[PDB]
Amino acid sequence: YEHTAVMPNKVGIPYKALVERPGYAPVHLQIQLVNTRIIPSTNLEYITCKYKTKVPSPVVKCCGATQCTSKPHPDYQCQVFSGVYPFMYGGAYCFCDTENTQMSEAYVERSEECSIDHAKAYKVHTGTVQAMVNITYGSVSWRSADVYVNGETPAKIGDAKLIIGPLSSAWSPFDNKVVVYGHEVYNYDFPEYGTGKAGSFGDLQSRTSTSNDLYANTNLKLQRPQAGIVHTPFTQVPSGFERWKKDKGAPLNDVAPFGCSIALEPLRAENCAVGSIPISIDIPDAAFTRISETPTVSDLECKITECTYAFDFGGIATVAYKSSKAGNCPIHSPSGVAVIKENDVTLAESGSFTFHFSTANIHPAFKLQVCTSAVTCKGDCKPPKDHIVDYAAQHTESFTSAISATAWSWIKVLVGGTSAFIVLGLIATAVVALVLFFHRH
Amino acid sequence: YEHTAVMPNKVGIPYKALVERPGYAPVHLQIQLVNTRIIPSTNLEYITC
Ligand SMILES: *[C@@H]1O[C@H](CO)[C@@H](O)[C@H](O)[C@H]1NC(C)=O
């Protein structure tokens, strides 16, 4: 039997319902999400890391001159400094005082740290949404499986065929561009490959961490060597990767809405409490029992003995009953007013049973379904003591949940007073108009 | 669970109350004063004899 419904996209809060099959006693169904994962499709754009400046030995040409040539090296620089007179431990290196030339070379390459300390720039698009579900039905204990939240791929869980519909919202915490550094994800609009600027995040860009083609854009300028010293001085803008690491700011892990948790393998947002999830589960036929084969429950009376509209199961109720065959009986509240903790109870020939529930309503009024029967529970609830709790609420608050009987009385008095007073004016007008008409006639 | 109340300043007369904690059965509480002492601060001015 196929049961179709919509459950909220809340991890850790179970969805409870009764599977009502004509001719068979209702079968209690419970579906709980273990986790929800939004797995976008990612494409690695390039890898950024701190640059290393490689400086080959300068060519010191005594009594002559040399000329620089271009080379296929990232940010390659070459400048010929004429009129050098270098000295070393062995004295004057060259004889000629002026016809003396030093050729300096420098180029940028990936630092050794780039193998471990680097940022990955990813292009992010929409993708698969997956979830893990925990399901029970009838006497069958908990079963779980990983399913695709797409509304097309069925999953076999405990011989039950479950279809999970697409999320009601396409919202995702990742922008079209993300930067993955370590365990953190940043919604950073990184510059495109080949357009990075010196001192900024993209100053050094590589398609892969092992790529032989490196793009480097730093103001690498060769400076004239100091008088008499053989060295290759240079000026360069500080690495933009270190600057970004200082200014990277708050990662998406800390600012993602809806409490999403960000994971990197694969990149995904977990447990985002967004929208609702349509579902469809086919309960095995063997799980259903005929009405005449189940105990019949009658003479139901529900008394709420305690109630607090706390996030936990702060309510307690006692249900008196009479039943035949003294068997087990599913318990469920189809109304959203209160969520019942117990799923089923053991019934005797006569007696009473208790159950716990959580509700936000100051005056709960909900229908409790007892296998083949139903009863209405009413009561009053006190405010909770704890201002702050470390656990999510088990119930859903409604617009009218906070309206007390006193507030309803005042609302009825105000609305009825104004309505009746206006109606009085209208009736008086019609009556006097008719009186004038009969004055003429 | 904190229970707050006002008891009379009487010695030998116990204060009785039920500590009602939401969701738990009430716990009987009995507070009795054995003695009360007002101990002012004193400065010896002088000794006469
Ligand atoms: C399903 O819920 C039951 C509750 O007793 C728990 O023992 C089980 O571990 C849950 N399933 C998963 C996959 O965590």
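These residue numbers are counts, starting from 1, taken along the chain as shown.
Recorded method for this deposit: electron microscopy, 3.9 Å.
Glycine is treated like the rest: Cβ placed from N, Cα and C.
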Determine, on the basis of Swiss-Prot, the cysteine among A:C49, A:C62, A:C260 paired with A:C114 in a disulphide. A:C49
Per Swiss-Prot, which of A:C62, A:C63, A:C260 is disulfide-bonded to A:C94? A:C62
Near ligand 1, meaning Cβ under 6 Å from any of its atoms: which of the disulfide-bonded residues A:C62, A:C63, A:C78, A:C94 fit that description? none
Neighbouring disulfide-bonded residues, C-alpha within 10 angstroms of A:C62 (disulfide bond) - of A:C68, A:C78, A:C260, A:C302, A:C381: none
Can you list which of the disulfide-bonded residues A:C96, A:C114, A:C302, A:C377 come closer than 8 Å to chain B, going by CB to CB distance? none
Does DSSP put A:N271 (N-linked glycosylation site) in a helix, in a strand, or in coil? coil
Min neighbour Cβ count (10 Å) across disulfide-bonded residues A:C96, A:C114, A:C307 flags A:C96
